[PDB]
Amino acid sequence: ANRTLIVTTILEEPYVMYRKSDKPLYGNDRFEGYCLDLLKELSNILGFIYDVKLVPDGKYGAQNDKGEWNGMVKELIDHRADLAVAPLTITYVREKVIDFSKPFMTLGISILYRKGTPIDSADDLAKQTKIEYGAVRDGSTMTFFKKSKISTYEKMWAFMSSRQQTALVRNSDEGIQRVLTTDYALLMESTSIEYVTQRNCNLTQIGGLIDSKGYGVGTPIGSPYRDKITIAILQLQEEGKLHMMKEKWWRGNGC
């Protein structure tokens, strides 16, 4: 009409999940989560309708050695989506190829590991080999270590990229499973660490935030919607709604 916006996203708890129901669920009704509530509110403010699709390869997006992007980032580059509404990290390398709204949530890389060990920081992980560590393949944390010029992070990258078949995981669910079943520490964004540690009293963040950043809504470069989505996010912040959405999905999870 009124064209239907195509939204690309990625299943990731509590941001985007399949809703569980006894009755059959069709289309957007199949999904729930922080990012779906946010999408609803954005569409309430900006007056659009949308069709939610998953990223075909189930990846956030990274650029390979040939310079090629994948994941949700590539979906925007190739104009197969109008918006990525996902816990999608705003980074300088991504900003060269796609546009981002202002952040709807802030976070930094930290460490997820079990409690009760002498590991207090990234340095404690870097100076040893017994405890394996790593990150989600082709996300921004993996890229942060790959591009880092800080020694300890450089040393950590050499370790994870040499052990990449085991050290790099396909998604955060696998990384948490590795932390649970095996001797492994996950480099993970702090908002997700928070979600996990609230649900398993054996797990903890180790050390503080290794960087500081945000999740934003992605659009193709030059999109007219990017600024409009910023304005809508600023209204939700002003209304306290970003706070209530976070509380809803983190502490009192679900509907």
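Heads up: residue numbers just count along the shown sequence, starting at 1. Rigid core (definition): largest C-alpha set, two forms, superposition within 1.5 Å.
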query	finding
Which of 195-203 and 209-217 strays further in 8 other deposited structures of this protein - Cα RMS after rigid core alignment	195-203
Mean C-alpha temperature factor, higher of 62-70 and 211-219	62-70
Comparing 186-194 with 24-32, the one whose average Cα B-factor in the PDB entry is higher	24-32
Deposited CA B-factor, highest of 136, 125, 76, 86	125
Residue with maximal Cα B-factor (values as given in the PDB entry) among 164, 106, 140, 172	164
Chain third (lowest, middle, highest) by recorded CA B-factor, residue given as residue 93	middle
Where the record places residue 101 (Cα B-factor, split into thirds across the chain)	lowest
Where the record places residue 45 (Cα B-factor, split into thirds across the chain)	highest
Lowest, middle or highest third - CA B-factor, residue 242	middle
